[PDB]
Amino acid sequence: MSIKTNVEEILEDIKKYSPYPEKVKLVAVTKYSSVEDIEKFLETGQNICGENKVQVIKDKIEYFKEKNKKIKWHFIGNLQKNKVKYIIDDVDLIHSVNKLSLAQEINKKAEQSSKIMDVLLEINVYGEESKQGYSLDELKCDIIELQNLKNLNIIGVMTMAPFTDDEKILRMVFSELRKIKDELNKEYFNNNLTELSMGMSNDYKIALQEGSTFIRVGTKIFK
C-alpha cells in the first residue's frame with residue numbers, strides 16, 4: 001500500500017469525473033488515523049484533513065502546531081453547541097451546521113475571536129429518522145436569520161447519503177442536494193454558495209459526477 005499513490009489515484013478520478021475539476025477539494029478523513037499517518041498524507045502535497053470528534057481534533061491540532069505543520073482543518077462530525085469553543089480558532093470549515101441554534105453559537109464564538117467562520121449547511125436530503133441535517137422547509141424558514149449572522153460565511157451545503165450500492169439512489173441523493181444549492185443560490189444567496197460536500201470512499205466517483213466539490217475520503221486514502 002502507498003498513501004501517495006492512493007491520493008494520486010483520487011486526483012485522477014477528480015479530473016476524470018468532475019464537471020469542474022478545478023473546483024474540487026479532497027478532504028482526507030483522518031478520524032481513524034494516527035498523527036504519523038496524517039503526516040504521510042501531508043507529504044503527498046495535500047493538507048485538508050477532516051475530523052468528526054472534538055476531543056480528537058483538539059489534540060491533533062495542538063500536535064501539528066507544535067510540529068509546525070500547515071493543515072487546513074475541517075470539522076465534519078456532529079458539533080455540540082457547548083463544544084464550539086474548542087475548535088473555533090483553528091478549524092477552517094465546519095461542514096455540519098444543521099440547525100439555527102448551532103449556527104448562532106458558532107457566530108457568537110467567531111465574533112468573540114474577531115473572525116468569520118466558513119460553514120456549510122448540513123441537509124438531510126434522504127430523510128432518515130437518524131436525522132440531524134436540515135429539512136429543506138426548516139432551512140427556508142431559518143434563512144434570513146442565518147444570513148444575518150455576520151461572523152458566519154455560509155459557502156455551501158453538505159449531505160451524507162446512506163451506504164448503498166444502488167447507483168440510482170446515490171445519484172438521486174447527490175443530484176437533489178445540487179438542486180437545493182442551485183435553488184438557494186437563486187432565491188437567497190445571490191450565487192454565493194460555491195461548495196457541495198458529498199461523497200465518501202465507496203461512492204465518491206458518483207459524487208464527483210453529480211458535482212461534488214468536497215469528497216470526504218478516508219478508507220481509500222489510508223487503507
# chains A, B, ... in the order shown; residues from 1 in each chain; ligands from 1
$ residues_around --residues "residue 199 (chain A)" --least-positions-apart "2" --cutoff "9 Å" --atoms "only C-alpha atoms" --output "PyMOL selection string"
chain A and resi 159-161+174+197+201-208+212+214-217
$ residues_around --residues "region 30-45 of chain A" --least-positions-apart "4" --cutoff "6 Å" --atoms "only C-alpha atoms" --output "compact mmCIF listing (two decimals) with N, CA, C and O atoms, in the first residue's frame"
# COMPACT_ATOMS: atom_id res chain seq x y z
N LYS A 4 0.70 7.99 -1.03
CA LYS A 4 0.90 8.86 -2.19
C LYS A 4 0.16 8.33 -3.42
O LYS A 4 -0.51 9.09 -4.13
N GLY A 50 -10.12 16.17 7.65
CA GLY A 50 -11.42 16.25 8.28
C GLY A 50 -11.51 15.30 9.47
O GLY A 50 -11.12 14.14 9.37
N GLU A 51 -12.03 15.82 10.58
CA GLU A 51 -12.22 15.03 11.78
C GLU A 51 -13.67 15.16 12.22
O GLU A 51 -14.37 16.09 11.83
$ select_by_dssp --residues "region 89-208 of chain A" --states "alpha helix (DSSP H)" --output "PyMOL selection string"
chain A and resi 100-112+136-147+167-187+204-208
$ residues_around --residues "region 150-154 of chain A" --least-positions-apart "2" --cutoff "9 Å" --atoms "only C-alpha atoms" --output "JSON list (two decimals) with N, CA, C and O atoms, in the first residue's frame"
[["chain", "number", "residue", "atom", "x", "y", "z"],
["A", 103, "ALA", "N", -25.74, 27.36, 14.50],
["A", 103, "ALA", "CA", -25.18, 28.48, 13.74],
["A", 103, "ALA", "C", -24.99, 29.70, 14.63],
["A", 103, "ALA", "O", -23.98, 30.41, 14.52],
["A", 104, "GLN", "N", -25.95, 29.95, 15.52],
["A", 104, "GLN", "CA", -25.89, 31.11, 16.40],
["A", 104, "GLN", "C", -24.73, 31.02, 17.38],
["A", 104, "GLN", "O", -24.11, 32.03, 17.71],
["A", 106, "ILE", "N", -21.89, 29.24, 16.81],
["A", 106, "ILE", "CA", -20.68, 29.42, 16.01],
["A", 106, "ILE", "C", -20.45, 30.90, 15.72],
["A", 106, "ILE", "O", -19.33, 31.40, 15.81],
["A", 107, "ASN", "N", -21.52, 31.61, 15.35],
["A", 107, "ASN", "CA", -21.41, 33.03, 15.08],
["A", 107, "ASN", "C", -20.93, 33.80, 16.30],
["A", 107, "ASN", "O", -20.03, 34.64, 16.21],
["A", 108, "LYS", "N", -21.52, 33.51, 17.46],
["A", 108, "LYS", "CA", -21.16, 34.22, 18.68],
["A", 108, "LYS", "C", -19.70, 33.98, 19.05],
["A", 108, "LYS", "O", -18.99, 34.92, 19.42],
["A", 109, "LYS", "N", -19.23, 32.73, 18.94],
["A", 109, "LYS", "CA", -17.83, 32.45, 19.25],
["A", 109, "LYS", "C", -16.89, 33.04, 18.21],
["A", 109, "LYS", "O", -15.76, 33.42, 18.54],
["A", 110, "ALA", "N", -17.31, 33.08, 16.94],
["A", 110, "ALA", "CA", -16.45, 33.64, 15.92],
["A", 110, "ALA", "C", -16.26, 35.13, 16.15],
["A", 110, "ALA", "O", -15.15, 35.66, 16.08],
["A", 111, "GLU", "N", -17.36, 35.82, 16.43],
["A", 111, "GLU", "CA", -17.30, 37.25, 16.68],
["A", 111, "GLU", "C", -16.40, 37.57, 17.86],
["A", 111, "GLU", "O", -15.58, 38.49, 17.79],
["A", 114, "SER", "N", -13.08, 37.71, 16.71],
["A", 114, "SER", "CA", -12.90, 38.68, 15.63],
["A", 114, "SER", "C", -12.66, 38.00, 14.29],
["A", 114, "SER", "O", -11.86, 38.46, 13.48],
["A", 115, "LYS", "N", -13.35, 36.89, 14.05],
["A", 115, "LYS", "CA", -13.17, 36.17, 12.81],
["A", 115, "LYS", "C", -14.53, 35.83, 12.21],
["A", 115, "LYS", "O", -15.58, 35.94, 12.85],
["A", 116, "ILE", "N", -14.50, 35.42, 10.94],
["A", 116, "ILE", "CA", -15.67, 34.92, 10.24],
["A", 116, "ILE", "C", -15.41, 33.45, 9.95],
["A", 116, "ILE", "O", -14.46, 33.11, 9.25],
["A", 117, "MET", "N", -16.24, 32.58, 10.52],
["A", 117, "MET", "CA", -16.11, 31.15, 10.32],
["A", 117, "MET", "C", -16.85, 30.68, 9.07],
["A", 117, "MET", "O", -18.05, 30.88, 8.96],
["A", 118, "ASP", "N", -16.13, 30.09, 8.11],
["A", 118, "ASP", "CA", -16.79, 29.48, 6.96],
["A", 118, "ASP", "C", -17.55, 28.23, 7.39],
["A", 118, "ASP", "O", -17.01, 27.40, 8.14],
["A", 119, "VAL", "N", -18.79, 28.07, 6.92],
["A", 119, "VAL", "CA", -19.59, 26.89, 7.23],
["A", 119, "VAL", "C", -20.33, 26.38, 6.00],
["A", 119, "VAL", "O", -20.50, 27.08, 5.00],
["A", 120, "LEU", "N", -20.78, 25.13, 6.10],
["A", 120, "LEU", "CA", -21.71, 24.52, 5.17],
["A", 120, "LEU", "C", -22.96, 24.16, 5.94],
["A", 120, "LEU", "O", -22.90, 23.84, 7.14],
["A", 121, "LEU", "N", -24.11, 24.26, 5.27],
["A", 121, "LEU", "CA", -25.37, 23.87, 5.88],
["A", 121, "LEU", "C", -25.60, 22.39, 5.59],
["A", 121, "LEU", "O", -25.57, 21.96, 4.43],
["A", 146, "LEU", "N", -30.14, 33.22, 9.42],
["A", 146, "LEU", "CA", -28.81, 32.70, 9.11],
["A", 146, "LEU", "C", -28.00, 33.74, 8.34],
["A", 146, "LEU", "O", -26.82, 33.96, 8.63],
["A", 147, "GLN", "N", -28.63, 34.41, 7.37],
["A", 147, "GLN", "CA", -27.87, 35.35, 6.57],
["A", 147, "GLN", "C", -27.50, 36.62, 7.33],
["A", 147, "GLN", "O", -26.64, 37.38, 6.86],
["A", 148, "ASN", "N", -28.10, 36.85, 8.49],
["A", 148, "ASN", "CA", -27.78, 38.00, 9.33],
["A", 148, "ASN", "C", -26.73, 37.68, 10.39],
["A", 148, "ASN", "O", -26.36, 38.57, 11.16],
["A", 156, "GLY", "N", -21.77, 26.91, 1.32],
["A", 156, "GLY", "CA", -22.29, 25.77, 0.60],
["A", 156, "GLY", "C", -23.14, 24.87, 1.47],
["A", 156, "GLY", "O", -23.61, 25.28, 2.53],
["A", 157, "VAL", "N", -23.37, 23.65, 0.98],
["A", 157, "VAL", "CA", -24.24, 22.70, 1.63],
["A", 157, "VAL", "C", -23.56, 21.34, 1.68],
["A", 157, "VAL", "O", -22.60, 21.06, 0.96],
["A", 189, "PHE", "N", -29.09, 33.43, -1.90],
["A", 189, "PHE", "CA", -27.67, 33.64, -1.65],
["A", 189, "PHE", "C", -26.94, 34.36, -2.76],
["A", 189, "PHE", "O", -25.71, 34.49, -2.69],
["A", 192, "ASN", "N", -23.73, 33.07, -4.01],
["A", 192, "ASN", "CA", -22.53, 32.95, -3.19],
["A", 192, "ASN", "C", -22.29, 31.54, -2.65],
["A", 192, "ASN", "O", -21.26, 31.31, -2.00],
["A", 193, "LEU", "N", -23.19, 30.58, -2.87],
["A", 193, "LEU", "CA", -22.91, 29.20, -2.48],
["A", 193, "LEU", "C", -22.05, 28.56, -3.56],
["A", 193, "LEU", "O", -22.49, 28.42, -4.71]]
$ closest_residue --among "A:180, A:84, A:7, A:172" --to "residue 53 (chain A)" --atoms "only C-alpha atoms"
A:84
$ residues_around --residues "residue 123 (chain A)" --least-positions-apart "2" --cutoff "9 Å" --atoms "only C-alpha atoms" --output "number ranges by chain"
A: 96-98, 121, 125-126, 132-136, 139, 157-160, 177
$ write_last_selection --atoms "N, CA and C atoms" --output "PDB file, in the first residue's frame"
ATOM      1  N   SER A  96     -20.983  20.793   9.184  1.00  0.00           N
ATOM      2  CA  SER A  96     -22.163  20.163   9.765  1.00  0.00           C
ATOM      3  C   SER A  96     -23.093  21.124  10.498  1.00  0.00           C
ATOM      4  N   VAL A  97     -23.409  22.263   9.892  1.00  0.00           N
ATOM      5  CA  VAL A  97     -24.305  23.214  10.530  1.00  0.00           C
ATOM      6  C   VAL A  97     -25.719  22.791  10.156  1.00  0.00           C
ATOM      7  N   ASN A  98     -26.409  22.193  11.126  1.00  0.00           N
ATOM      8  CA  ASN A  98     -27.672  21.519  10.900  1.00  0.00           C
ATOM      9  C   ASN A  98     -28.862  22.224  11.532  1.00  0.00           C
ATOM     10  N   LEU A 121     -24.107  24.259   5.274  1.00  0.00           N
ATOM     11  CA  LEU A 121     -25.373  23.872   5.877  1.00  0.00           C
ATOM     12  C   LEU A 121     -25.602  22.393   5.589  1.00  0.00           C
ATOM     13  N   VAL A 125     -31.091  15.113   3.058  1.00  0.00           N
ATOM     14  CA  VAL A 125     -31.812  15.040   1.795  1.00  0.00           C
ATOM     15  C   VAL A 125     -32.584  13.727   1.671  1.00  0.00           C
ATOM     16  N   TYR A 126     -32.029  12.620   2.162  1.00  0.00           N
ATOM     17  CA  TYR A 126     -32.714  11.340   2.001  1.00  0.00           C
ATOM     18  C   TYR A 126     -33.784  11.111   3.064  1.00  0.00           C
ATOM     19  N   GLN A 132     -30.140  14.456  11.492  1.00  0.00           N
ATOM     20  CA  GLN A 132     -29.566  15.617  12.156  1.00  0.00           C
ATOM     21  C   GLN A 132     -29.659  16.801  11.206  1.00  0.00           C
ATOM     22  N   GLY A 133     -29.495  16.542   9.915  1.00  0.00           N
ATOM     23  CA  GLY A 133     -29.492  17.605   8.935  1.00  0.00           C
ATOM     24  C   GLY A 133     -30.814  18.341   8.839  1.00  0.00           C
ATOM     25  N   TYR A 134     -30.739  19.515   8.215  1.00  0.00           N
ATOM     26  CA  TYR A 134     -31.923  20.298   7.898  1.00  0.00           C
ATOM     27  C   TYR A 134     -32.867  19.524   6.984  1.00  0.00           C
ATOM     28  N   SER A 135     -34.169  19.658   7.225  1.00  0.00           N
ATOM     29  CA  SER A 135     -35.076  19.517   6.099  1.00  0.00           C
ATOM     30  C   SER A 135     -35.061  20.824   5.314  1.00  0.00           C
ATOM     31  N   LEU A 136     -35.437  20.742   4.038  1.00  0.00           N
ATOM     32  CA  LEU A 136     -35.448  21.941   3.207  1.00  0.00           C
ATOM     33  C   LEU A 136     -36.411  22.988   3.759  1.00  0.00           C
ATOM     34  N   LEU A 139     -34.803  24.763   6.687  1.00  0.00           N
ATOM     35  CA  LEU A 139     -33.764  25.686   6.248  1.00  0.00           C
ATOM     36  C   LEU A 139     -34.378  26.960   5.691  1.00  0.00           C
ATOM     37  N   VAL A 157     -23.365  23.653   0.978  1.00  0.00           N
ATOM     38  CA  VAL A 157     -24.244  22.697   1.634  1.00  0.00           C
ATOM     39  C   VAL A 157     -23.563  21.338   1.683  1.00  0.00           C
ATOM     40  N   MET A 158     -24.066  20.475   2.549  1.00  0.00           N
ATOM     41  CA  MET A 158     -23.465  19.141   2.785  1.00  0.00           C
ATOM     42  C   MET A 158     -24.529  18.086   3.065  1.00  0.00           C
ATOM     43  N   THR A 159     -24.325  16.910   2.506  1.00  0.00           N
ATOM     44  CA  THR A 159     -25.174  15.794   2.906  1.00  0.00           C
ATOM     45  C   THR A 159     -24.330  14.537   3.080  1.00  0.00           C
ATOM     46  N   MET A 160     -24.898  13.582   3.804  1.00  0.00           N
ATOM     47  CA  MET A 160     -24.353  12.231   3.875  1.00  0.00           C
ATOM     48  C   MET A 160     -25.392  11.225   3.425  1.00  0.00           C
ATOM     49  N   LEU A 177     -29.273  17.291  -3.574  1.00  0.00           N
ATOM     50  CA  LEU A 177     -28.506  18.327  -2.894  1.00  0.00           C
ATOM     51  C   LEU A 177     -28.044  19.395  -3.874  1.00  0.00           C
TER      52      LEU A 177
END
$ atom_distance --atom1 "CA of residue 210 (chain A)" --atom2 "CA of residue 91 (chain A)"
26.8 Å
$ closest_residue --among "A:88, A:198, A:76, A:49" --to "residue 173 (chain A)" --atoms "only C-alpha atoms"
A:198
$ closest_residue --among "A:105, A:90, A:66, A:137" --to "residue 54 (chain A)" --atoms "only C-alpha atoms"
A:90
